[PDB]
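Below: the structure, in structure tokens.
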Amino acid sequence: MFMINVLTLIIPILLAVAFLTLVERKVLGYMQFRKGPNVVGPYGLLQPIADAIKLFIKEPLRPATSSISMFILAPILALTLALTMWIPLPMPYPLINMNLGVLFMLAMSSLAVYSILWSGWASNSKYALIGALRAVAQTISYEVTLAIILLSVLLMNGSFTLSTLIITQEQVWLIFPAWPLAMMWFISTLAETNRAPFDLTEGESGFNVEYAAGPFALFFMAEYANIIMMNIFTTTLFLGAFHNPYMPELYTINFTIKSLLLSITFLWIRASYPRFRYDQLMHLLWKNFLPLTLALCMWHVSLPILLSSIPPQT
Amino acid sequence: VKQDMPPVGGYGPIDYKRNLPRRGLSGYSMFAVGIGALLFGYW
Amino acid sequence: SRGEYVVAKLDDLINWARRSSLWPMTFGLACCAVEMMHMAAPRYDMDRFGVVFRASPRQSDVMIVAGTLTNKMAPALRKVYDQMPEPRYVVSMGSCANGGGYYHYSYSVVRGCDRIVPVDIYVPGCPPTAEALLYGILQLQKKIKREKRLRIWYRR
Amino acid sequence: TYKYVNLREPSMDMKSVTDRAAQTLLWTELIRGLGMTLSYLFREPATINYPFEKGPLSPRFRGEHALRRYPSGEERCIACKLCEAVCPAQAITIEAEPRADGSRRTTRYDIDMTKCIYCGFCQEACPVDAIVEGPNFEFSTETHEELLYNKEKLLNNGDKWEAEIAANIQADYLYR
Amino acid sequence: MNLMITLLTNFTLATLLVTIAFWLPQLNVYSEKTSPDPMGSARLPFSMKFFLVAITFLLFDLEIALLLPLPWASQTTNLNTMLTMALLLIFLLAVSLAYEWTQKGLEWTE
Ligand SMILES: CCCCCCCCCCCCCCCCCC(=O)OC[C@H](COP(=O)([O-])OCC[N+](C)(C)C)OC(=O)CCCCCCCCCCCCCCCCC
Ligand SMILES: CCCCCCCCCCCCCCCCCC(=O)OC[C@H](COP(=O)(O)OCCN)OC(=O)CCCCCCCCCCCCCCCCC
Ligand SMILES: CCCCCCCCCCCCCCCCCC(=O)OC[C@H](COP(=O)(O)OCCN)OC(=O)CCCCCCCCCCCCCCCCC
Ligand SMILES: CCCCCCCCCCC1=C(C)C(=O)C(OC)=C(OC)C1=O
Ligand code: SF4
Ligand code: SF4
Ligand code: SF4
């Protein structure tokens with residue numbers, strides 16, 4: 001019965017990642033004054049199915065890897081960590097209702113850089129390894145502002161419990177007291193997922209260009225699971241919805257609409273901006289977001305004390 | 001003779017300059033709105 | 001028999017999925033690149049057919065040779081074609097890719113890209129229009145639709 | 001008679017400095033760009049439904065070649081080799097002889113469509129409107145030599161497309 | 001226990017999809033490929049700057065590790081000391097950032 005709950009979590013994750021690709025191609029079509037896919041299915045609804053069947057019977061590139069074992073373990077780790085970030089998500093009830101769900105998510109997203117690192121070293125190209133090291137350095141850079149923005153917000157929560165974050169936002173959204181944290185958080189989640197304007201794995205060859213089309217589709221679907229997940233986590237964190245404990249589907253519809261609009265905001269940002277040069281997003285992290293994030297971390301430490309609004313522990 | 005020609009008075013005027021219409025609030029008003037949202041959230 | 005029916009339905013499935021998700025690697029060699037970009041432009045929009053805009057060469061399904069293949073770039077074309085995973089296809093766009101074209105008698109031009117790679121669709125024009133190139137891509141999809149891989153495998 | 005792009009010295013009073021700082025911190029031009037992209041989201045796209053909807057053309061359009069005939073069945077080509085003399089890519093190969101009734105007619109009229117640059121110098125060199133570059137652009141092949149047209153293929157293209165070619169020439173011959 | 005079941009299910013689904021993605025086109029008998037990089041054969045040049053940003057991540061991440069018990073630390077009854085040491089740790093992270101700044105450590109990956 002619990003395994004039914006695990007499958008009703010993880011199989012709709014795979015379906016929503018399948019159709020996020022279609023939604024991205026359609027929304028980027030209409031924002032680029034064209035259509036998206038509308039031939040393959042009715043309104044293109046069979047485009048992800050056709051494309052998945054195409055990729056799973058495409059020939060393997062059959063490369064020379066330094067490690068066979070890390071070449072197998074990098075997609076396994078990417079998919080496993082992409083699926084374990086969902087299990088504490090309170091929507092309105094988490095699958096695993098853990099007391100440190102925020103810190104668990106922060107740790108399991110910190111572990112996601114080994115997929116990039118192991119897949120880069122598993123490729124024998126030195127250029128793929130250099131691009132992998134640039135992607136890892138970008139990601140661990142933006143993890144700093146993830147951790148500190150998240151800490152500064154949870155100073156208003158009182159605990160690392162994700163389910164308490166619904167109770168925190170019953171009177172107001174937490175984007176009202178923490179909109180600078182919210183906007184730096186949103187750009188930091190944009191830079192965690194190698195998402196445009198921070199997609200330097202498509203700027204002129206990434207880390208996973210040496211895989212077959214099947215494992216490349218697995219990396220791709222882990223990345224889009226991370227995108228949908230970080231939008232849901234941002235929605236829980238700043239745009240927390242109303243919850244009737246006798247009608248949980250009201251909260252589910254509300255956070256689902258907000259998370260869809262936030263994922264479409266990711267799609268709409270990649271359809272609007274040029275890329276950063278690599279040192280420019282290093283400049284954006286280390287010289288712009290991190291001083292503001294430390295200043296607001298001091299502010300959200302000292303502000304519940306000066307207003308007498310320290311939240312409860314329990 | 002019949003030939004592709006402009007009409008009797010010629011064509012009407014054609015816009016060719018920049019038109020970036022200067023929308024949005026001032027900097028004072030935008031910082032005031034953001035600080036007011038901060039104060040509402042803190043309260 | 002029953003196995004004949006199963007390989008017929010499975011060939012129909014895999015051919016549907018391969019033709020309905022063609023990913024092109026376009027060689028922007030010469031003027032035909034501009035008309036490929038018009039076949040990607042919002043009037044014609046290859047992406048509504050599932051034909052994405054600028055897939056990377058290690059994951060592409062068709063190689064659209066759009067422009068003049070000179071002798072100095074013939075091994076680069078061959079190397080990219082060798083790096084493409086199967087089933088790979090090659091569309092020859094325009095007269096210089098087809099038969100050398102206006103530079104057929106040149107000292108420096110490969111007389112048609114078919115001397116270097118096997119070619120599936122020859123799209124004629126100088127340049128062929130973006131509608132004519134889209135016609136050639138739909139004819140390539142019809143060529144993939146009538147492939148008989150599992151049926152010939154079941155008969156071999 | 002000239003203008004200076006990007007020669008504005010920005011105002012340094014507290015109003016304009018606070019405006020630029022609000023633009024930097026509150027990302028006003030980024031929301032402007034998002035608004036323009038959102039404005040295209042709700043426009044009707046420009047995508048026609050090929051193959052069912054076709055791109056607009058004109059009677060001057062230079063597509064697939066055709067040999068034409070008179071309104072009696074006699075072919076117009078009288079073997080004068082002006083089209084292959086003017087041909088900038090030498091796509092046209094012509095051999096001729098007098099046929100059984102003594103008319104000056106071709107026995108070889110080849111057009112290599114993979115040398116052809118589709119510029120239509122042949123149809124304007126032609127003094128009898130025999131060769132035309134017709135309206136067809138959807139004639140892609142699966143084989144290279146299916147684009148090496150002989151006289152039979154060009155005459156069949158003329159018989160196939162004459163009802164359209166003659167009306168395009170009727171639309172355009174007064175400009176010629 | 002439910003967490004171990006969930007981790008095992010996620011790992012098993014990931015390993016299953018990886019095995020399917022690595023062995024479903026192996027059933028095809030496509031062809032044997034011979035196929036005889038921007039760098040030609042040159043050794044990987046070390047860059048000091050990537051190592052500096054990785055160590056700067058590690059040091060600020062240790063400072064983050066110190067900062068992580070603050071939502072529980074605000075519940076204390078020694079609030080003046082807690083607030084002083086909290087502002088002092090964020091200030092030392094800021095001073096580490098300023099020293100990394102002003103000695104050109106944040107340059108060409110700024
Ligand atoms: C979570 C829900 C959504 C959240 C909001 C996000 C939605 C909108 C997203 C739009 C698309 C963004 C795409 C990526 C853009 C990346 C570039 C970018 O913006 O860089 C950030 C830029 C970077 O600066 P820059 O690069 O533009 O400027 C040049 C920088 N120097 C000078 C160093 C060369 O700005 C920031 O870092 C600002 C971050 C937020 C700051 C918030 C400040 C709040 C107010 C503080 C007080 C001010 C008043 C004075 C004191 C008053 C005291 C009472
Ligand atoms: C949480 C919900 C998630 C939902 C996800 C999916 C959303 C979209 C679902 C699909 C919508 C309808 C798509 C219909 C496609 C067209 C099918 C069709 O008609 O194919 C015709 C083809 C040839 O037929 P033929 O007889 O030759 O035609 C000549 C007629 N004179 O015949 C064939 O090709 C053979 C028949 C193929 C039929 C395929 C139909 C679509 C399959 C979709 C599978 C997944 C559906 C969702 C599963 C979960 C919910 C139940
Ligand atoms: C190359 C190898 C393969 C790589 C791919 C697979 C591995 C990577 C992806 C999976 C990562 C596994 C993470 C396991 C622990 C996660 C942390 C954790 O347990 O947090 C949840 C929770 C803490 O919150 P709390 O509510 O306080 O505890 C319950 C008290 N009421 O604590 C609990 O609820 C406690 C539950 C019981 C304890 C669970 C212990 C799990 C088994 C040990 C680790 C197994 C994995 C080892 C390898 C990890 C990665 C290297
Ligand atoms: C368990 C398998 C589920 C289906 C596989 C993932 C969903 C299909 C995504 C297909 C896809 C699309 C549309 C796509 O556009 C794309 O290119 C950017 C991919 O990466 C190679 C893709 O993988
Ligand atoms: S076939 Fe002609 S128009 Fe096309 S790329 Fe070649 S030279 Fe340019
Ligand atoms: S269109 Fe030009 S290149 Fe083609 S056959 Fe006529 S004259 Fe020769
Ligand atoms: S097609 Fe015209 S120009 Fe060419 S040989 Fe015949 S009559 Fe002369």
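Every chain is numbered from 1, with letters handed out A, B, ... down the list of sequences. Atom set for the values below is all heavy atoms of this structure, side chains included, hydrogens, waters and symmetry mates excluded.
Listed for the A:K258 side chain is a donor-acceptor partner under 3.5 Å among the backbone atoms of A:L239. With hydrogens and angles ignored, the 3.5 Å screen pairs a side-chain donor or acceptor of A:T21 with a backbone N or O of A:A18. Checked by atom type and distance alone, the side chain of A:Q47 never pairs as donor or acceptor with a backbone atom of A:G36 at under 3.5 Å. Checked by atom type and distance alone, the side chain of E:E100 never pairs as donor or acceptor with a backbone atom of E:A98 at under 3.5 Å. The backbone N or O of A:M282 lies less than 3.5 Å from no partner atom in the side chain of A:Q138, so there is not a single donor-acceptor pair. A:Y273 contributes no side-chain N or O that, together with a main-chain N or O of D:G33, makes up a donor-acceptor pair within less than 3.5 Å. No donor-acceptor pair closer than 3.5 Å links the side chain of D:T37 to the backbone N or O of D:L34.
Between the side chains of A:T145 and A:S188, at least one donor N or O sits under 3.5 Å from an acceptor N or O. Side-chain contact of E:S96 with E:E63: a donor-acceptor pair under 3.5 Å is present, judged by distance alone. When only modelled atom types and interatomic distance are considered, A:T164 and A:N157 share no side-chain donor-acceptor pair under 3.5 Å.
Taking the six-membered ring where the residue is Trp, E:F50 and A:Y278 present perpendicular rings, their angle passing 60° and hence far from 30°.
Between A:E143 and E:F57 the shortest heavy-atom distance is OE1-CZ, 3.5 Å.
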Table please: side-chain donor-acceptor pairs of residues 218-234 of chain A below 3.5 Å, with sequence neighbours left out.
| residue | atom | partner | partner atom | Å |
| --- | --- | --- | --- | --- |
| A:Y224 | OH | A:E24 | OE1 | 2.3 |
| A:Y224 | OH | A:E24 | OE2 | 3.3 |
| A:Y224 | OH | A:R195 | NH1 | 3.4 |
| A:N226 | ND2 | A:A222 | O | 2.9 |
| A:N231 | ND2 | A:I227 | O | 2.7 |
| A:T234 | OG1 | A:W185 | NE1 | 2.9 |
| A:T234 | OG1 | A:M230 | O | 2.6 |

Pairs of donor and acceptor atoms involving the side chains of residues 92-108 of chain A, under 3.5 Å and at least two apart or interchain, shall be tabulated with distances.
| residue | atom | partner | partner atom | Å |
| --- | --- | --- | --- | --- |
| A:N97 | OD1 | A:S163 | OG | 3.4 |
| A:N99 | OD1 | A:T161 | OG1 | 2.7 |

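A salt bridge between A:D279 and A:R277 is present, with a side-chain N of the basic residue lying under 4.0 Å from a carboxylate O of the acidic one.
A ring-centre distance under 6.0 Å is found for A:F198 and A:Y142.
Residue pairs that meet the salt bridge (charged side-chain N to carboxylate O under 4.0 Å, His left out) test with at least one member in residues 284-295 of chain A, sequence neighbours left out, are A:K287-E:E107.
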